[PDB]
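Only one structure is covered here, and it is reproduced in the block below.
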Amino acid sequence: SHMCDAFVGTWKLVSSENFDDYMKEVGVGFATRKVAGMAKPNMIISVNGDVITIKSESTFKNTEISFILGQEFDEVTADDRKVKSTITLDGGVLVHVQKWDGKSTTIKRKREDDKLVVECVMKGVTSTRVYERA
Ligand SMILES: C[C@@](CCOc1ccc(Cl)c(F)c1)(C(=O)O)c1ccc(Cl)c(Cl)c1
């Protein structure tokens with residue numbers, strides 16, 4: 001109880017850096033990169049007992065995942081990858097690992113001041129996305 005309190009709420013994207021290069025590293029094709037890169041998603045995070053839900057709404061795609069920390073689940077990503085995901089809490093940071101096709105990417109979500117900072121890493125390439133409260 002109270003594990004992710006500081007994440008819960010409704011958040012809006014305010015900045016993005018290096019996302020196109022991250023998507024390239026992931027394997028995302030041209031047209032999806034262009035439309036996905038334009039998106040300005042809202043992220044809605046909620047907790048009910050042990051179940052965390054992260055919803056993302058944008059003009060590109062609406063997605064929703066619900067999960068228990070440490071417990072793998074199957075996810076279809078906005079770019080239509082079919083991945084095996086595991087999300088854990090490590091020192092206050094939500095760490096989301098996605099596995100598919102012998103590949104892996106990690107998404108870390110952290111509270112920093114009034115922001116929620118999202119770092120997406122694929123091999124040597126990092127993208128940083130900053131969300132503020134809606
Ligand atoms: C980056 C992220 C979360 C992960 O999401 C990914 C990741 C890869 C790919 Cl290829 C993709 F399309 C989405 C965010 O927290 O900002 C996001 C959310 C929602 C949207 Cl709509 C977009 Cl574009 C990006």
Side-chain angles (χ1 to χ4, degrees):
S1 62
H2 303 264
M3 65 250 189
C4 290
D5 279 359
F7 293 99
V8 160
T10 308
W11 300 94
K12 45 176 188 66
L13 183 71
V14 301
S15 71
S16 185
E17 286 290 354
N18 214 41
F19 190 54
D20 191 58
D21 273 33
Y22 170 79
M23 289 189 288
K24 289 184 179 176
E25 211 71 0
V26 169
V28 183
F30 179 90
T32 299
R33 293 199 311 280
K34 299 301 176 205
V35 172
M38 285 290 295
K40 299 279 190 164
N42 307 132
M43 184 183 33
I44 307 118
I45 303 174
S46 58
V47 181
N48 180 326
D50 291 332
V51 182
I52 303 166
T53 298
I54 303 177
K55 289 187 195 197
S56 179
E57 294 183 333
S58 72
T59 60
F60 172 49
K61 292 293 165 175
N62 300 321
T63 61
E64 177 178 339
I65 59 173
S66 294
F67 58 90
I68 297 173
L69 296 166
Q71 302 195 3
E72 182 170 58
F73 60 97
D74 287 309
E75 174 178 14
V76 178
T77 67
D79 63 304
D80 281 314
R81 284 173 291 127
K82 291 62 172 143
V83 308
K84 279 178 200 294
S85 289
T86 309
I87 301 180
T88 56
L89 188 58
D90 169 23
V93 178
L94 281 168
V95 181
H96 179 180
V97 181
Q98 297 177 331
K99 303 299 190 180
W100 80 107
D101 298 346
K103 303 173 200 187
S104 187
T105 189
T106 298
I107 304 165
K108 289 181 184 179
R109 298 169 174 99
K110 329 174 168 179
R111 279 293 309 272
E112 306 208 12
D113 303 315
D114 286 323
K115 299 173 178 174
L116 189 167
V117 180
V118 183
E119 294 170 352
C120 299
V121 173
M122 175 63 186
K123 296 185 261 171
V125 179
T126 301
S127 169
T128 302
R129 323 257 286 176
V130 179
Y131 291 73
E132 287 179 342
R133 283 203 190 264

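Scope of the values below: all heavy atoms of this structure, side chains included, with no hydrogens, waters or symmetry mates. Here, residue 1 is the first one in the sequence, and each next residue gets the next number.
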Separation of [Y] [atom2] from [X] [atom1] (nearest 0.5 Å):
X      : Y      : atom1 : atom2 : answer
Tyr22  : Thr126 : OH    : OG1   : 10.0 Å
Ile54  : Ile44  : CD1   : CD1   : 11.0 Å
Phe30  : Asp20  : CZ    : CG    : 8.5 Å
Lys123 : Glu25  : NZ    : CD    : 4.5 Å
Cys4   : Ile45  : SG    : CD1   : 8.0 Å
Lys40  : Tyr131 : NZ    : OH    : 10.0 Å

If only atom types and distance count, is the side chain of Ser127 paired as donor or acceptor with the main-chain N or O of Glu17 below 3.5 Å?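 Yes: the side chain of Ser127 pairs with the backbone of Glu17.
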For the backbone of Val35 and the side chain of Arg33, can you confirm whether one donor and one acceptor N or O come within less than 3.5 Å of each other?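 It does not hold such a pair.
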Counting only heavy atoms not in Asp5, do more than 12 fall under 6.0 Å of its CG?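 Enclosed: over 12 neighbouring heavy atoms sit under 6.0 Å from CG of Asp5.
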Could you check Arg81 against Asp79 for salt bridge (charged side-chain N to carboxylate O under 4.0 Å, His left out), going step by step and ending with a plain yes or no? CA-CA 6 Å; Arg81 284 173 291 127; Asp79 63 304; 2.8 Å; yes
Is it true that [X] and [Y] fall in one hydrophobic cluster, defined by side-chain heavy atoms closer than 4.5 Å?
X     : Y      : value
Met43 : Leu89  : yes
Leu94 : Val117 : no
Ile65 : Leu116 : yes
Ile87 : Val121 : no
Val97 : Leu69  : no

Does anything in residues 42-67 form a salt bridge (charged side-chain N to carboxylate O under 4.0 Å, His left out)? List the pairs, not counting sequence neighbours.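 Checked against salt bridge (charged side-chain N to carboxylate O under 4.0 Å, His left out) - neighbours excluded - the pairs reaching residues 42-67 are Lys55-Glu64.
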So that I can tick it off, tell me whether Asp101 and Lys103 are bridged by a salt bridge, with the cut-off set at under 4.0 angstrom between side-chain N and carboxylate O.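 Between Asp101 and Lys103 there is no salt bridge, as every charged N stays at least 4.0 Å from the carboxylate O atoms.
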Taking only residues two or more places apart in sequence or in another chain, which ones pass ring pair (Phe, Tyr, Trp, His ring centres under 6.0 Å) with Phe60?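 None.
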Report the relative orientation of the aromatic rings in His96 and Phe73; use parallel for angles under 30°, tilted for 30 to 60°, perpendicular for over 60°.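 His96 vs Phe73 ring planes: tilted.
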Side chains of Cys120 and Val118, heavy atoms from C-beta outward: is any pair under 4.5 Å?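 Yes, close enough: below the 4.5 Å cut-off.
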